[PDB]
Structures are given as structure tokens and as C-alpha cells.
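J.: One structure follows; several queries about it will come next.
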Amino acid sequence: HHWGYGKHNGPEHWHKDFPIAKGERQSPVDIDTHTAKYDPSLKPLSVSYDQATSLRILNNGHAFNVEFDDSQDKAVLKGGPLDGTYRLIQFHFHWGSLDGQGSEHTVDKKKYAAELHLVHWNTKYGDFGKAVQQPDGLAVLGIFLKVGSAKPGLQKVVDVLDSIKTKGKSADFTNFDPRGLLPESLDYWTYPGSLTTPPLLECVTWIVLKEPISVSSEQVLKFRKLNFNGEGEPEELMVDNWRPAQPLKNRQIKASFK
Ligand SMILES: CC1(C)O[C@H]2[C@H](O)CN(CCCCCCn3cc(CNC(=O)c4ccc(S(N)(=O)=O)cc4)nn3)C[C@@H]2O1
Ligand SMILES: [Zn+2]
């Protein structure tokens, strides 16, 4: 009876094994655009992905992760609200069964079709497992997806999904350039929060870009043909793998832009 996104093991149940689910800095949240304050002391984000080394793509039973070599400073996030250097370890998405839902963050209660999370860890803690025990251990860059025109830089991901349909399957995924997933503008909102899946640790600086990327209906349909189940188990489509918005509590969301 492991956690997931079903009726019996979904987000409303997670607090029974992970009591931090009801904590003071949980993610995701609704971003109220009228309440977020412009912070002129924030810096432009520095997204340095030109030396990124992708390795593998894995269906882990709740999403698919594209994994990177983080054994040196190759793909890093710096600046904005961050102190020091955060290394890219993996990206993954959260998506819906229909285009009207799927994102984890919301914007004035608007749900997007999906949400990309680029996950980075603070190199002053030495490894990812040490970084998730610290309040400034991770930085997650969140990017909304809307359905419209295809995203050319997503198609290499879309075309490998048939090879990792079920839980525990992986495939080589070298020479993927994550710069092809970025929007034009790096304007963002930022707040302190958490991992959005168990163990829900309160270790994340969230950086959520204002500008969504556009993907095609055919691209998101391929995400929705993945399975939560293992091979030779009853088929359960991998859809609606998103946590809903959590209470903001004693937090302020800051905007990088006027
Ligand atoms: C195994 C590998 C290559 O994959 C990276 C994955 O992000 C996580 N691996 C397992 C870490 C082992 C103990 C550390 C604590 N921890 C981490 C995890 C896995 N969860 C997570 O790492 C996680 C990351 C991001 C997010 S979100 N949706 O962006 O907020 C949510 C969760 N489970 N327990 C470390 C990884 O290195
Ligand atoms: Zn995520």
C-alpha cells in the first residue's frame, strides 16, 4: 500500500506515512499574481546548460526522469534568489488526463496542462542525499506547459517514451540539450517550499517561470500513454500525477519582474 495518485493512495493520504505533508512550507502553491511582490533585490537567473551531460531516462512508477551527470559543475543554476551553485541532477514532468489540469503550481487558480521540474542541488552539501536534509539544499525550476504548437526540443523525449512504458524500465538518453525546453523569458516567481512527492522534504527554493512553453496535443497524448504499473501488471495509465496546491501559511511569493 505504497503512495501514488489513486483514490486509495493519493495526495490526501500521504500525511499518514509522511506527516510533513501538513507542514509549514509545503509545495506546490497557488501563485496569486496581484499579491506577489516585485523584489528589485533579486538577480537575473543564470541558467548555464551548454555543457549538460544527459545519461538515461527512467520510468519510476510516478513520472519519467531524464538523469544527468552531476559528478562535476556541467549544467548549473545560479543567481536569482540563490546563494552559490546548484547542479542539474534530473528533470521530469507532471501532467493531466485532460488539457484543463496537470500542473502542480497554479496562477490565479489557473491549472496548466503540465509542469516541467528541472531539479538542482546545492554543491556546498557535497551530494544530493545531504542536500535534501537542508532548507537551502535544492532549487527546482518550474515551467508550465500549455497545449498549442509543438515544442521541437521536446520531441526527442516524446519519441523514447514507447521504450519505457512501464515502471522500472530505462533507456539510454545521451546528448539531450535541456535548453530546448526553456521559454524566451526567464521572468519568475520564487518562494521557499518542498518536494511535491514523498518524502515531501522542506528543502526547495522554488523558481517558477511566468512564460509557459507550448507543446502539441500529440506530444502530451504520448505522455498519457505511459503506465504507472510494471510490465505484466494491470494497465493503469500514467495521468494526473500532480499534487494540488497547499496552504501558503507564513510565506511570501516574490516576483523578479514589475
Ligand atoms: C537516483 C538519482 C540518479 O535520481 C535523483 C532523484 O531526484 C532522487 N534519488 C534518490 C535519493 C535518495 C534519499 C534522498 C531523499 N529522497 C529523495 C527521493 C526522491 N525524490 C526526489 O528526489 C524528488 C525530487 C524532486 C521533486 S519535485 N516534484 O521536483 O518537487 C520531488 C522529489 N526520495 N527520497 C537521488 C537521484 O539520484
Ligand atoms: Zn516534480
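Counting starts with 1 at the first residue shown.
The way this entry was determined, per its header, is X-ray crystallography, 1.4 Å.
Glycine is treated like the rest: Cβ placed from N, Cα and C.
Residues or ranges marked as domain 'Alpha-carbonic anhydrase' by Swiss-Prot on the basis of sequence analysis: 1-257. Residues or ranges marked as active site, proton donor/acceptor by Swiss-Prot: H62. Per Swiss-Prot, the feature Zn(2+) binding site maps to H92, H94, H117; the stated evidence is experimental evidence. The feature phosphoserine is assigned by Swiss-Prot to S163, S170, with a large-scale study or a structure entry given as support. Per Swiss-Prot, the feature substrate binding site maps to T196, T197.
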J.: Show which residues of the chain containing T196 (substrate binding site), separated from it by at least 6 in sequence, have their CB under 8 Å from its CB.
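T.: Correct list: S27, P28, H94, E104, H117, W242, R243.
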J.: Can you grab the distance from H92 (Zn(2+) binding site) over to the residue listed as 'active site, proton donor/acceptor'? Cα atoms, rounded to a whole Å.
T.: 10
J.: With the Cβ atom as the reference point and anything under 6 Å counting, tell me which of the recorded positions (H62, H117, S163, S170, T196, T197) are near ligand 2.
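T.: Near ligand 2, sequence order: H117, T196.
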J.: Given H94, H117, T196, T197 as the binding-site residues, which ones have a Cβ positioned under 6 Å from some atom of ligand 1?
T.: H117, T196, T197
J.: Restricting the comparison to the recorded positions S163, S170, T197, which residue's C-alpha is spatially nearest the C-alpha of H62 (active site, proton donor/acceptor)?
T.: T197
J.: When DSSP states are folded down to helix, strand and coil, where does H94 (Zn(2+) binding site) land?
T.: strand
J.: For the recorded positions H62, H94, work out the Cβ neighbour count at 10 Å and name the residue with the minimum.
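T.: Fewest other Cβ atoms within 10 Å, among the recorded positions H62, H94, is found for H62.
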J.: Across all protein chains in the structure, which of the recorded positions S163, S170, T197 has the highest Cβ count within 10 Å?
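T.: Top count of Cβ atoms within 10 Å goes to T197.
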J.: Please identify which of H92, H117 has the densest Cβ environment, defined as other Cβ atoms within 10 Å, among these binding-site residues.
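T.: Its Cβ has the most other Cβ atoms within 10 Å: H117.
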J.: Reduced to three states, what secondary structure does DSSP give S170 (phosphoserine)?
T.: strand
